[PDB]
>>> print(open('data_9.cif').read())   # mmCIF, N, CA and C atoms and all ligand atoms
data_final
loop_
_atom_site.label_atom_id
_atom_site.label_comp_id
_atom_site.auth_asym_id
_atom_site.auth_seq_id
_atom_site.Cartn_x
_atom_site.Cartn_y
_atom_site.Cartn_z
N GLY A 1 89.98 155.69 243.54
CA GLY A 1 90.39 156.38 244.79
C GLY A 1 89.21 156.50 245.72
N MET A 2 89.40 157.21 246.83
CA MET A 2 88.33 157.38 247.80
C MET A 2 87.15 158.10 247.14
N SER A 3 85.95 157.54 247.31
CA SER A 3 84.75 158.19 246.79
C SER A 3 84.60 159.60 247.36
N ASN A 4 84.23 160.53 246.48
CA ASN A 4 83.98 161.90 246.90
C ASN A 4 82.83 161.99 247.89
N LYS A 5 82.00 160.96 247.96
CA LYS A 5 80.89 160.96 248.90
C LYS A 5 81.36 160.90 250.35
N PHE A 6 82.63 160.51 250.59
CA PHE A 6 83.15 160.60 251.94
C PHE A 6 83.42 162.05 252.35
N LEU A 7 83.62 162.95 251.39
CA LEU A 7 84.02 164.31 251.72
C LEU A 7 82.88 165.08 252.35
N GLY A 8 83.19 165.81 253.40
CA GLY A 8 82.22 166.69 254.02
C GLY A 8 82.27 166.62 255.53
N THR A 9 81.22 167.13 256.15
CA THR A 9 81.11 167.24 257.60
C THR A 9 80.05 166.27 258.10
N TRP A 10 80.43 165.46 259.09
CA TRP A 10 79.64 164.35 259.59
C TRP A 10 79.43 164.50 261.09
N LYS A 11 78.24 164.15 261.56
CA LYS A 11 77.88 164.25 262.97
C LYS A 11 77.48 162.87 263.49
N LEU A 12 78.06 162.48 264.62
CA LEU A 12 77.74 161.19 265.22
C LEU A 12 76.28 161.17 265.65
N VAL A 13 75.54 160.15 265.24
CA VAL A 13 74.17 159.99 265.69
C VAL A 13 73.95 158.74 266.53
N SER A 14 74.79 157.70 266.44
CA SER A 14 74.61 156.51 267.27
C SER A 14 75.97 155.86 267.47
N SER A 15 76.15 155.28 268.65
CA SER A 15 77.39 154.63 269.05
C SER A 15 77.02 153.39 269.85
N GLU A 16 77.48 152.24 269.37
CA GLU A 16 77.20 150.94 269.97
C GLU A 16 78.51 150.28 270.35
N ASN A 17 78.63 149.92 271.63
CA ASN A 17 79.74 149.17 272.20
C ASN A 17 81.01 149.99 272.30
N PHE A 18 80.90 151.31 272.36
CA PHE A 18 82.09 152.15 272.43
C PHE A 18 82.81 152.02 273.78
N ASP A 19 82.08 151.83 274.89
CA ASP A 19 82.74 151.65 276.18
C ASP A 19 83.65 150.43 276.15
N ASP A 20 83.14 149.30 275.66
CA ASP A 20 83.97 148.10 275.61
C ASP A 20 85.13 148.25 274.64
N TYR A 21 84.92 148.94 273.52
CA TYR A 21 86.02 149.20 272.59
C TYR A 21 87.12 150.02 273.26
N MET A 22 86.75 151.11 273.93
CA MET A 22 87.75 151.89 274.65
C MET A 22 88.46 151.05 275.71
N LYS A 23 87.71 150.24 276.45
CA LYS A 23 88.34 149.37 277.43
C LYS A 23 89.36 148.46 276.78
N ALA A 24 89.00 147.88 275.63
CA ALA A 24 89.92 146.99 274.94
C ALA A 24 91.18 147.72 274.49
N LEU A 25 91.09 149.03 274.27
CA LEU A 25 92.26 149.84 273.94
C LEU A 25 93.08 150.24 275.17
N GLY A 26 92.63 149.93 276.38
CA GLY A 26 93.37 150.34 277.56
C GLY A 26 93.05 151.73 278.05
N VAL A 27 91.96 152.31 277.58
CA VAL A 27 91.55 153.62 278.06
C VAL A 27 91.06 153.49 279.49
N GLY A 28 91.46 154.44 280.35
CA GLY A 28 91.06 154.42 281.74
C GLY A 28 89.61 154.85 281.96
N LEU A 29 89.12 154.57 283.17
CA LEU A 29 87.69 154.70 283.48
C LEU A 29 87.18 156.13 283.31
N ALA A 30 87.87 157.11 283.90
CA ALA A 30 87.40 158.49 283.81
C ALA A 30 87.34 158.95 282.36
N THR A 31 88.34 158.55 281.56
CA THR A 31 88.38 158.92 280.15
C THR A 31 87.26 158.24 279.38
N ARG A 32 86.99 156.97 279.67
CA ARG A 32 85.85 156.30 279.03
C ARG A 32 84.55 157.02 279.32
N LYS A 33 84.36 157.48 280.57
CA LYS A 33 83.10 158.14 280.91
C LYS A 33 82.89 159.39 280.06
N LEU A 34 83.94 160.19 279.86
CA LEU A 34 83.82 161.34 278.96
C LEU A 34 83.70 160.90 277.50
N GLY A 35 84.44 159.86 277.10
CA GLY A 35 84.39 159.43 275.71
C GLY A 35 83.02 158.94 275.30
N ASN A 36 82.31 158.28 276.23
CA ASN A 36 80.97 157.82 275.93
C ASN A 36 79.99 158.98 275.80
N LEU A 37 80.30 160.14 276.38
CA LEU A 37 79.41 161.29 276.28
C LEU A 37 79.68 162.12 275.03
N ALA A 38 80.85 161.97 274.42
CA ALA A 38 81.20 162.85 273.32
C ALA A 38 80.30 162.58 272.12
N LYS A 39 79.94 163.66 271.41
CA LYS A 39 79.17 163.57 270.16
C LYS A 39 79.99 164.27 269.09
N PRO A 40 81.00 163.62 268.55
CA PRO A 40 81.96 164.34 267.72
C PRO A 40 81.39 164.68 266.35
N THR A 41 82.01 165.69 265.76
CA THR A 41 81.87 166.03 264.35
C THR A 41 83.14 165.58 263.64
N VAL A 42 82.97 164.89 262.51
CA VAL A 42 84.09 164.40 261.73
C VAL A 42 84.05 165.09 260.38
N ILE A 43 85.14 165.76 260.03
CA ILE A 43 85.26 166.47 258.76
C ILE A 43 86.32 165.76 257.93
N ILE A 44 85.91 165.27 256.77
CA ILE A 44 86.81 164.59 255.86
C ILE A 44 87.01 165.51 254.66
N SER A 45 88.27 165.77 254.33
CA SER A 45 88.62 166.67 253.25
C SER A 45 89.85 166.14 252.53
N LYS A 46 90.14 166.72 251.35
CA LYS A 46 91.31 166.31 250.58
C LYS A 46 91.95 167.52 249.92
N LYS A 47 93.26 167.47 249.81
CA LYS A 47 94.03 168.44 249.04
C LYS A 47 94.97 167.61 248.18
N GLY A 48 94.65 167.48 246.89
CA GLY A 48 95.46 166.61 246.05
C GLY A 48 95.35 165.18 246.53
N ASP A 49 96.49 164.53 246.75
CA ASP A 49 96.45 163.15 247.25
C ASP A 49 96.51 163.06 248.77
N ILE A 50 96.37 164.17 249.49
CA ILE A 50 96.42 164.17 250.95
C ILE A 50 95.00 164.33 251.46
N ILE A 51 94.53 163.29 252.15
CA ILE A 51 93.22 163.22 252.79
C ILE A 51 93.38 163.57 254.25
N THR A 52 92.47 164.39 254.78
CA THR A 52 92.47 164.76 256.19
C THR A 52 91.15 164.32 256.81
N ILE A 53 91.24 163.68 257.97
CA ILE A 53 90.09 163.35 258.81
C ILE A 53 90.29 164.09 260.12
N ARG A 54 89.42 165.06 260.37
CA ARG A 54 89.46 165.90 261.55
C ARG A 54 88.28 165.52 262.43
N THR A 55 88.55 165.27 263.70
CA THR A 55 87.52 164.95 264.69
C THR A 55 87.44 166.06 265.72
N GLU A 56 86.23 166.59 265.92
CA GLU A 56 86.02 167.69 266.85
C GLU A 56 85.02 167.28 267.91
N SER A 57 85.43 167.41 269.17
CA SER A 57 84.55 167.20 270.31
C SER A 57 85.01 168.11 271.44
N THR A 58 84.09 168.37 272.38
CA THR A 58 84.45 169.16 273.55
C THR A 58 85.63 168.55 274.29
N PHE A 59 85.66 167.23 274.42
CA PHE A 59 86.71 166.56 275.18
C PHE A 59 88.03 166.54 274.42
N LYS A 60 88.01 166.22 273.13
CA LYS A 60 89.25 166.01 272.41
C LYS A 60 89.03 166.28 270.93
N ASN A 61 90.00 166.96 270.32
CA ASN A 61 90.08 167.09 268.88
C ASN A 61 91.27 166.28 268.41
N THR A 62 91.13 165.65 267.25
CA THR A 62 92.21 164.97 266.58
C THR A 62 92.20 165.34 265.11
N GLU A 63 93.34 165.12 264.47
CA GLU A 63 93.43 165.32 263.04
C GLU A 63 94.54 164.45 262.49
N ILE A 64 94.23 163.72 261.43
CA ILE A 64 95.21 162.94 260.68
C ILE A 64 95.15 163.37 259.22
N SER A 65 96.31 163.50 258.61
CA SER A 65 96.44 163.78 257.19
C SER A 65 97.38 162.73 256.64
N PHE A 66 96.98 162.09 255.55
CA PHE A 66 97.68 160.91 255.07
C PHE A 66 97.44 160.75 253.58
N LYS A 67 98.30 159.94 252.97
CA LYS A 67 98.11 159.45 251.62
C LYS A 67 97.74 157.97 251.70
N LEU A 68 96.87 157.51 250.81
CA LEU A 68 96.45 156.12 250.88
C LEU A 68 97.67 155.20 250.80
N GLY A 69 97.71 154.21 251.69
CA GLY A 69 98.74 153.20 251.64
C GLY A 69 100.11 153.62 252.17
N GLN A 70 100.27 154.83 252.68
CA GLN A 70 101.56 155.27 253.19
C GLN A 70 101.48 155.44 254.69
N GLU A 71 102.28 154.65 255.40
CA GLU A 71 102.26 154.63 256.85
C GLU A 71 102.65 156.00 257.40
N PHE A 72 102.03 156.37 258.52
CA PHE A 72 102.27 157.65 259.16
C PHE A 72 102.15 157.51 260.67
N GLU A 73 102.76 158.47 261.38
CA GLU A 73 102.67 158.49 262.83
C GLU A 73 101.39 159.23 263.19
N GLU A 74 100.62 158.63 264.07
CA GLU A 74 99.32 159.17 264.45
C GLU A 74 99.31 159.35 265.95
N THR A 75 98.67 160.42 266.41
CA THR A 75 98.36 160.58 267.82
C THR A 75 96.86 160.41 268.00
N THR A 76 96.46 159.37 268.72
CA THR A 76 95.03 159.09 268.79
C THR A 76 94.36 159.96 269.85
N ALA A 77 93.03 159.88 269.90
CA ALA A 77 92.26 160.71 270.83
C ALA A 77 92.61 160.40 272.27
N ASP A 78 92.98 159.15 272.56
CA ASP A 78 93.44 158.70 273.87
C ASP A 78 94.96 158.76 274.00
N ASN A 79 95.62 159.46 273.09
CA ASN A 79 97.05 159.75 273.17
C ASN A 79 97.92 158.50 273.03
N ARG A 80 97.46 157.49 272.28
CA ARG A 80 98.36 156.45 271.82
C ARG A 80 99.18 157.02 270.67
N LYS A 81 100.44 156.63 270.60
CA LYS A 81 101.30 157.02 269.49
C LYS A 81 101.45 155.81 268.59
N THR A 82 100.78 155.84 267.44
CA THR A 82 100.67 154.65 266.63
C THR A 82 101.32 154.83 265.27
N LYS A 83 101.65 153.70 264.67
CA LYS A 83 101.99 153.65 263.26
C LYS A 83 100.72 153.19 262.55
N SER A 84 100.20 154.04 261.68
CA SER A 84 98.90 153.84 261.06
C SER A 84 98.98 153.85 259.55
N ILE A 85 98.04 153.14 258.93
CA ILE A 85 97.90 153.10 257.48
C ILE A 85 96.42 153.11 257.13
N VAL A 86 96.05 153.89 256.12
CA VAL A 86 94.68 153.93 255.61
C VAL A 86 94.70 153.35 254.20
N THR A 87 93.82 152.39 253.96
CA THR A 87 93.72 151.72 252.67
C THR A 87 92.27 151.75 252.20
N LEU A 88 92.08 151.30 250.97
CA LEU A 88 90.77 151.26 250.33
C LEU A 88 90.53 149.82 249.91
N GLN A 89 89.47 149.22 250.44
CA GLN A 89 89.11 147.84 250.11
C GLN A 89 87.63 147.84 249.75
N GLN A 90 87.36 147.66 248.46
CA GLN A 90 86.00 147.63 247.92
C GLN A 90 85.16 148.78 248.44
N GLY A 91 85.69 149.99 248.29
CA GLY A 91 84.98 151.19 248.66
C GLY A 91 85.04 151.56 250.13
N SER A 92 85.51 150.66 251.00
CA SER A 92 85.64 150.92 252.43
C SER A 92 86.99 151.56 252.72
N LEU A 93 86.98 152.61 253.54
CA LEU A 93 88.19 153.34 253.91
C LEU A 93 88.66 152.78 255.25
N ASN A 94 89.75 152.02 255.21
CA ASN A 94 90.16 151.17 256.32
C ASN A 94 91.45 151.67 256.95
N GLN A 95 91.38 151.94 258.24
CA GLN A 95 92.49 152.47 259.01
C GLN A 95 92.97 151.39 259.98
N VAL A 96 94.28 151.12 259.97
CA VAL A 96 94.89 150.23 260.95
C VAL A 96 95.88 151.05 261.77
N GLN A 97 95.87 150.83 263.08
CA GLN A 97 96.77 151.46 264.03
C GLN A 97 97.57 150.37 264.73
N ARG A 98 98.88 150.54 264.81
CA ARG A 98 99.77 149.58 265.46
C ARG A 98 100.63 150.29 266.49
N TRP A 99 100.70 149.75 267.69
CA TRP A 99 101.49 150.31 268.78
C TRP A 99 101.74 149.22 269.81
N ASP A 100 102.96 149.20 270.37
CA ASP A 100 103.26 148.34 271.50
C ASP A 100 102.87 146.88 271.26
N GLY A 101 103.06 146.41 270.03
CA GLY A 101 102.68 145.06 269.66
C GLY A 101 101.19 144.80 269.55
N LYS A 102 100.37 145.83 269.62
CA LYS A 102 98.92 145.71 269.52
C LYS A 102 98.45 146.33 268.21
N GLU A 103 97.18 146.08 267.89
CA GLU A 103 96.62 146.55 266.64
C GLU A 103 95.12 146.77 266.81
N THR A 104 94.60 147.79 266.12
CA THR A 104 93.15 148.01 266.02
C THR A 104 92.82 148.52 264.62
N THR A 105 91.59 148.25 264.16
CA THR A 105 91.14 148.71 262.86
C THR A 105 89.85 149.52 262.98
N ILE A 106 89.77 150.56 262.17
CA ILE A 106 88.58 151.38 262.03
C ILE A 106 88.25 151.40 260.54
N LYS A 107 87.12 150.80 260.17
CA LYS A 107 86.68 150.70 258.79
C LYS A 107 85.49 151.62 258.61
N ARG A 108 85.59 152.54 257.66
CA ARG A 108 84.56 153.54 257.42
C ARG A 108 83.97 153.28 256.04
N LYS A 109 82.66 153.07 255.99
CA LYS A 109 82.00 152.82 254.71
C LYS A 109 80.71 153.63 254.68
N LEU A 110 80.27 153.94 253.46
CA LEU A 110 79.03 154.69 253.27
C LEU A 110 77.87 153.72 253.07
N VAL A 111 76.81 153.91 253.86
CA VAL A 111 75.61 153.08 253.81
C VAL A 111 74.40 154.00 253.93
N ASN A 112 73.54 154.03 252.91
CA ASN A 112 72.30 154.81 252.98
C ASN A 112 72.59 156.28 253.24
N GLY A 113 73.66 156.80 252.63
CA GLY A 113 74.00 158.19 252.83
C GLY A 113 74.66 158.50 254.16
N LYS A 114 74.82 157.52 255.04
CA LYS A 114 75.49 157.69 256.32
C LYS A 114 76.91 157.14 256.24
N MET A 115 77.75 157.58 257.17
CA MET A 115 79.09 157.01 257.31
C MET A 115 79.10 156.12 258.54
N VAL A 116 79.49 154.86 258.35
CA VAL A 116 79.50 153.88 259.42
C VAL A 116 80.96 153.54 259.70
N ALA A 117 81.37 153.73 260.93
CA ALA A 117 82.71 153.42 261.38
C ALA A 117 82.61 152.18 262.26
N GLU A 118 83.22 151.11 261.80
CA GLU A 118 83.32 149.87 262.56
C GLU A 118 84.71 149.77 263.17
N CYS A 119 84.76 149.70 264.50
CA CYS A 119 85.98 149.72 265.30
C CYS A 119 86.13 148.38 266.00
N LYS A 120 87.28 147.75 265.83
CA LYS A 120 87.50 146.39 266.30
C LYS A 120 88.79 146.32 267.09
N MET A 121 88.69 145.74 268.29
CA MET A 121 89.84 145.50 269.16
C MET A 121 89.51 144.34 270.08
N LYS A 122 90.36 143.31 270.09
CA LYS A 122 90.17 142.18 270.99
C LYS A 122 88.79 141.54 270.86
N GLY A 123 88.27 141.54 269.64
CA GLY A 123 86.97 140.96 269.36
C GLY A 123 85.79 141.83 269.69
N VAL A 124 86.02 143.00 270.28
CA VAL A 124 84.96 143.98 270.44
C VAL A 124 84.67 144.58 269.08
N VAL A 125 83.40 144.67 268.72
CA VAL A 125 82.98 145.33 267.51
C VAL A 125 82.14 146.51 267.95
N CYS A 126 82.62 147.72 267.66
CA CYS A 126 81.92 148.96 267.97
C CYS A 126 81.49 149.60 266.66
N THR A 127 80.24 150.08 266.61
CA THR A 127 79.68 150.70 265.42
C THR A 127 79.27 152.13 265.75
N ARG A 128 79.81 153.09 265.02
CA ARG A 128 79.51 154.51 265.20
C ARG A 128 79.01 155.04 263.87
N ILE A 129 77.78 155.58 263.88
CA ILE A 129 77.08 156.01 262.67
C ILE A 129 76.99 157.52 262.67
N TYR A 130 77.31 158.11 261.52
CA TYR A 130 77.38 159.55 261.32
C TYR A 130 76.44 159.94 260.20
N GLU A 131 75.78 161.09 260.34
CA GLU A 131 74.97 161.64 259.27
C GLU A 131 75.61 162.93 258.79
N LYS A 132 75.47 163.15 257.49
CA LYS A 132 76.03 164.31 256.83
C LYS A 132 75.32 165.56 257.32
N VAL A 133 76.09 166.62 257.59
CA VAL A 133 75.47 167.84 258.09
C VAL A 133 75.16 168.70 256.87
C1 LIG B 201 87.54 162.06 269.76
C2 LIG B 201 86.13 161.54 269.99
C3 LIG B 201 86.00 160.50 271.12
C4 LIG B 201 86.39 160.99 272.53
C5 LIG B 201 87.04 159.95 273.48
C6 LIG B 201 88.53 159.89 273.43
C7 LIG B 201 89.09 158.70 274.17
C8 LIG B 201 89.05 157.35 273.45
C9 LIG B 201 88.83 157.37 271.94
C10 LIG B 201 89.69 156.39 271.24
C11 LIG B 201 89.20 155.88 269.87
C12 LIG B 201 88.43 156.85 268.96
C13 LIG B 201 87.91 156.15 267.71
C14 LIG B 201 86.80 156.92 267.02
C15 LIG B 201 86.25 156.29 265.75
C16 LIG B 201 85.26 157.25 264.96
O1 LIG B 201 85.76 158.08 264.12
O2 LIG B 201 84.07 157.08 265.26
CL CL B 202 81.06 166.65 272.15
#
>>> encode(input="data_9.cif", output="structure tokens")
Amino acid sequence: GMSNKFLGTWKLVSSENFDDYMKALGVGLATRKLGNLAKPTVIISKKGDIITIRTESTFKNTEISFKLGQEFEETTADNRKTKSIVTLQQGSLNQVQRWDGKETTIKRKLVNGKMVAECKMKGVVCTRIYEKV
């Protein structure tokens, strides 16, 4: 199952190519400007087989609770209404979001005690690195 090392409170320390990733998602200009300024805290927790990923920022909070491999309706930070699935592939916690015939993936893996979120849309690769608080 998901490594217990994912559990805890994480703070964004670096974000690469997030503007282009948001653009590829169809996020508008004013929203991108705020999104590039956000320094979110991500809290990953579990209750039994239900994993929760909570994102906290001044601009927007989100929260998803899911079971591995079971599709769920998600409301994203930019208010897309998606059908999403989180899976585990060789230790990586992989989220796929599908809406309006489009798709994006967010793969979260632990590297050097940090959590690295790789976000991909239309060939944009965005990397967001978090350190444990
Ligand atoms: C909620 C924090 C970001 C604020 C900006 C909201 C508008 C666009 C965000 C859409 C995609 C967010 C993906 C974040 C991936 C991660 O956990 O690093
Ligand atoms: Cl913030």
>>> residues_near_point(input="data_9.cif", point="(84.1, 151.1, 254.3)", cutoff="7 Å", atoms="only N, CA and C atoms", output="list in words")
residues 89, 90, 91, 92, 93, 94, 107, 108, 109, 110 and 116 of chain A
>>> closest_atom_pairs(input="data_9.cif", of="chain A", to="ligand CL 202 (chain B)", cutoff="7 Å", atoms="all atoms listed in the file", output="Markdown table")
| residue | atom | partner | partner_atom | distance |
| --- | --- | --- | --- | --- |
| A:37 | C | B:CL202 | CL | 5.5 |
| A:38 | CA | B:CL202 | CL | 4.0 |
| A:39 | N | B:CL202 | CL | 3.3 |
| A:40 | N | B:CL202 | CL | 4.7 |
| A:41 | N | B:CL202 | CL | 6.5 |
| A:56 | C | B:CL202 | CL | 5.8 |
| A:57 | CA | B:CL202 | CL | 4.0 |
| A:58 | N | B:CL202 | CL | 3.5 |
| A:59 | N | B:CL202 | CL | 5.2 |
>>> write_last_selection(input="data_9.cif", atoms="N, CA and C atoms", output="short mmCIF file (atom, residue, chain, number, x, y, z; two decimals), keeping the file's coordinate frame")
data_model
loop_
_atom_site.label_atom_id
_atom_site.label_comp_id
_atom_site.auth_asym_id
_atom_site.auth_seq_id
_atom_site.Cartn_x
_atom_site.Cartn_y
_atom_site.Cartn_z
N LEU A 37 80.30 160.14 276.38
CA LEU A 37 79.41 161.29 276.28
C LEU A 37 79.68 162.12 275.03
N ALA A 38 80.85 161.97 274.42
CA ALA A 38 81.20 162.85 273.32
C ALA A 38 80.30 162.58 272.12
N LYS A 39 79.94 163.66 271.41
CA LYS A 39 79.17 163.57 270.16
C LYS A 39 79.99 164.27 269.09
N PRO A 40 81.00 163.62 268.55
CA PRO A 40 81.96 164.34 267.72
C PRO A 40 81.39 164.68 266.35
N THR A 41 82.01 165.69 265.76
CA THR A 41 81.87 166.03 264.35
C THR A 41 83.14 165.58 263.64
N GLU A 56 86.23 166.59 265.92
CA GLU A 56 86.02 167.69 266.85
C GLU A 56 85.02 167.28 267.91
N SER A 57 85.43 167.41 269.17
CA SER A 57 84.55 167.20 270.31
C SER A 57 85.01 168.11 271.44
N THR A 58 84.09 168.37 272.38
CA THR A 58 84.45 169.16 273.55
C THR A 58 85.63 168.55 274.29
N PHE A 59 85.66 167.23 274.42
CA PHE A 59 86.71 166.56 275.18
C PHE A 59 88.03 166.54 274.42
#
>>> residues_near_ligand(input="data_9.cif", ligand="ligand LIG 201 (chain B)", cutoff="5 Å", atoms="all atoms listed in the file", output="list in words")
residues 35, 60, 77 and 78 of chain A
>>> select_by_dssp(input="data_9.cif", residues="region 51-93 of chain A", states="strand (DSSP E or B)", output="short mmCIF file (atom, residue, chain, number, x, y, z; two decimals) with N, CA and C atoms, in the frame of the given file")
data_model
loop_
_atom_site.label_atom_id
_atom_site.label_comp_id
_atom_site.auth_asym_id
_atom_site.auth_seq_id
_atom_site.Cartn_x
_atom_site.Cartn_y
_atom_site.Cartn_z
N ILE A 51 94.53 163.29 252.15
CA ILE A 51 93.22 163.22 252.79
C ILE A 51 93.38 163.57 254.25
N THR A 52 92.47 164.39 254.78
CA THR A 52 92.47 164.76 256.19
C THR A 52 91.15 164.32 256.81
N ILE A 53 91.24 163.68 257.97
CA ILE A 53 90.09 163.35 258.81
C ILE A 53 90.29 164.09 260.12
N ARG A 54 89.42 165.06 260.37
CA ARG A 54 89.46 165.90 261.55
C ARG A 54 88.28 165.52 262.43
N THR A 55 88.55 165.27 263.70
CA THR A 55 87.52 164.95 264.69
C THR A 55 87.44 166.06 265.72
N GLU A 56 86.23 166.59 265.92
CA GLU A 56 86.02 167.69 266.85
C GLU A 56 85.02 167.28 267.91
N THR A 62 91.13 165.65 267.25
CA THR A 62 92.21 164.97 266.58
C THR A 62 92.20 165.34 265.11
N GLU A 63 93.34 165.12 264.47
CA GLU A 63 93.43 165.32 263.04
C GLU A 63 94.54 164.45 262.49
N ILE A 64 94.23 163.72 261.43
CA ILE A 64 95.21 162.94 260.68
C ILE A 64 95.15 163.37 259.22
N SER A 65 96.31 163.50 258.61
CA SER A 65 96.44 163.78 257.19
C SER A 65 97.38 162.73 256.64
N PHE A 66 96.98 162.09 255.55
CA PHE A 66 97.68 160.91 255.07
C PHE A 66 97.44 160.75 253.58
N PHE A 72 102.03 156.37 258.52
CA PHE A 72 102.27 157.65 259.16
C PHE A 72 102.15 157.51 260.67
N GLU A 73 102.76 158.47 261.38
CA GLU A 73 102.67 158.49 262.83
C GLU A 73 101.39 159.23 263.19
N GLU A 74 100.62 158.63 264.07
CA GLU A 74 99.32 159.17 264.45
C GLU A 74 99.31 159.35 265.95
N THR A 75 98.67 160.42 266.41
CA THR A 75 98.36 160.58 267.82
C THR A 75 96.86 160.41 268.00
N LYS A 81 100.44 156.63 270.60
CA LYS A 81 101.30 157.02 269.49
C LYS A 81 101.45 155.81 268.59
N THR A 82 100.78 155.84 267.44
CA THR A 82 100.67 154.65 266.63
C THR A 82 101.32 154.83 265.27
N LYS A 83 101.65 153.70 264.67
CA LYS A 83 101.99 153.65 263.26
C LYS A 83 100.72 153.19 262.55
N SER A 84 100.20 154.04 261.68
CA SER A 84 98.90 153.84 261.06
C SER A 84 98.98 153.85 259.55
N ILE A 85 98.04 153.14 258.93
CA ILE A 85 97.90 153.10 257.48
C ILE A 85 96.42 153.11 257.13
N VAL A 86 96.05 153.89 256.12
CA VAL A 86 94.68 153.93 255.61
C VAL A 86 94.70 153.35 254.20
N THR A 87 93.82 152.39 253.96
CA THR A 87 93.72 151.72 252.67
C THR A 87 92.27 151.75 252.20
N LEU A 88 92.08 151.30 250.97
CA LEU A 88 90.77 151.26 250.33
C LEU A 88 90.53 149.82 249.91
N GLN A 89 89.47 149.22 250.44
CA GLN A 89 89.11 147.84 250.11
C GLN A 89 87.63 147.84 249.75
N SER A 92 85.51 150.66 251.00
CA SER A 92 85.64 150.92 252.43
C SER A 92 86.99 151.56 252.72
N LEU A 93 86.98 152.61 253.54
CA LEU A 93 88.19 153.34 253.91
C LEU A 93 88.66 152.78 255.25
#
>>> atom_distance(input="data_9.cif", atom1="CA of residue 87 (chain A)", atom2="atom N of residue 69 (chain A)")
4.8 Å
>>> closest_atom_pairs(input="data_9.cif", of="region 56-129 of chain A", to="region 18-22 of chain A", cutoff="12 Å", atoms="only C-alpha atoms", output="Markdown table")
| residue | atom | partner | partner_atom | distance |
| --- | --- | --- | --- | --- |
| A:76 | CA | A:22 | CA | 11.8 |
| A:77 | CA | A:22 | CA | 10.6 |
| A:78 | CA | A:22 | CA | 8.9 |
| A:80 | CA | A:22 | CA | 11.9 |
| A:104 | CA | A:21 | CA | 9.8 |
| A:105 | CA | A:21 | CA | 11.0 |
| A:106 | CA | A:21 | CA | 11.1 |
| A:117 | CA | A:18 | CA | 11.1 |
| A:118 | CA | A:18 | CA | 10.2 |
| A:119 | CA | A:21 | CA | 7.3 |
| A:120 | CA | A:21 | CA | 7.0 |
| A:121 | CA | A:21 | CA | 6.3 |
| A:122 | CA | A:21 | CA | 8.3 |
| A:123 | CA | A:21 | CA | 8.9 |
| A:124 | CA | A:21 | CA | 5.7 |
| A:125 | CA | A:21 | CA | 7.1 |
| A:126 | CA | A:18 | CA | 5.5 |
| A:127 | CA | A:18 | CA | 7.6 |
| A:128 | CA | A:18 | CA | 8.0 |
| A:129 | CA | A:18 | CA | 11.6 |
>>> atom_distance(input="data_9.cif", atom1="CA of residue 70 (chain A)", atom2="atom N of residue 114 (chain A)")
26.9 Å
>>> atom_distance(input="data_9.cif", atom1="atom N of residue 12 (chain A)", atom2="atom N of residue 131 (chain A)")
5.0 Å
>>> residues_near_point(input="data_9.cif", point="(83.9, 163.0, 254.4)", cutoff="6.5 Å", atoms="only N, CA and C atoms", output="compact mmCIF listing (two decimals) with N, CA and C atoms, in the coordinates of the input")
# COMPACT_ATOMS: atom_id res chain seq x y z
N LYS A 5 82.00 160.96 247.96
CA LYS A 5 80.89 160.96 248.90
C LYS A 5 81.36 160.90 250.35
N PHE A 6 82.63 160.51 250.59
CA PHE A 6 83.15 160.60 251.94
C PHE A 6 83.42 162.05 252.35
N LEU A 7 83.62 162.95 251.39
CA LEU A 7 84.02 164.31 251.72
C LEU A 7 82.88 165.08 252.35
N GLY A 8 83.19 165.81 253.40
CA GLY A 8 82.22 166.69 254.02
C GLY A 8 82.27 166.62 255.53
N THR A 9 81.22 167.13 256.15
CA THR A 9 81.11 167.24 257.60
C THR A 9 80.05 166.27 258.10
N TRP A 10 80.43 165.46 259.09
CA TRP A 10 79.64 164.35 259.59
C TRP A 10 79.43 164.50 261.09
N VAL A 42 82.97 164.89 262.51
CA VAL A 42 84.09 164.40 261.73
C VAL A 42 84.05 165.09 260.38
N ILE A 43 85.14 165.76 260.03
CA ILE A 43 85.26 166.47 258.76
C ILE A 43 86.32 165.76 257.93
N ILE A 44 85.91 165.27 256.77
CA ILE A 44 86.81 164.59 255.86
C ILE A 44 87.01 165.51 254.66
N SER A 45 88.27 165.77 254.33
CA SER A 45 88.62 166.67 253.25
C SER A 45 89.85 166.14 252.53
>>> select_by_dssp(input="data_9.cif", residues="chain A", states="alpha helix (DSSP H)", output="PyMOL selection string")
chain A and resi 18-24+29-37
>>> closest_residue(input="data_9.cif", among="A:36, A:86, A:97, A:71", to="residue 53 (chain A)", atoms="only C-alpha atoms")
A:86
>>> closest_residue(input="data_9.cif", among="A:72, A:55, A:48, A:2", to="residue 130 (chain A)", atoms="only C-alpha atoms")
A:55
>>> closest_residue(input="data_9.cif", among="A:61, A:30, A:67, A:101", to="residue 85 (chain A)", atoms="all atoms listed in the file")
A:67
>>> residues_around(input="data_9.cif", residues="residue 82 (chain A)", least_positions_apart="4", cutoff="8 Å", atoms="all atoms listed in the file", output="number ranges by chain")
A: 72-76, 96-100
>>> closest_residue(input="data_9.cif", among="A:34, A:111, A:65, A:102", to="residue 49 (chain A)", atoms="only N, CA and C atoms")
A:65
>>> decode(input="data_9.cif", residues="region 111-123 of chain A", atoms="C-alpha atoms", output="JSON list (two decimals), in the first residue's frame")
[["chain", "number", "residue", "atom", "x", "y", "z"],
["A", 111, "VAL", "CA", 12.96, 11.53, -3.13],
["A", 112, "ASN", "CA", 15.58, 12.40, -0.49],
["A", 113, "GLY", "CA", 12.91, 12.86, 2.15],
["A", 114, "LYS", "CA", 11.02, 15.34, -0.07],
["A", 115, "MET", "CA", 7.74, 14.87, -1.91],
["A", 116, "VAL", "CA", 8.00, 15.59, -5.64],
["A", 117, "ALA", "CA", 4.81, 16.19, -7.60],
["A", 118, "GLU", "CA", 5.22, 15.88, -11.35],
["A", 119, "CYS", "CA", 2.28, 17.43, -13.24],
["A", 120, "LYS", "CA", 1.80, 16.75, -16.94],
["A", 121, "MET", "CA", -0.62, 18.28, -19.44],
["A", 122, "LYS", "CA", -0.16, 18.71, -23.20],
["A", 123, "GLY", "CA", 3.52, 17.85, -22.85]]
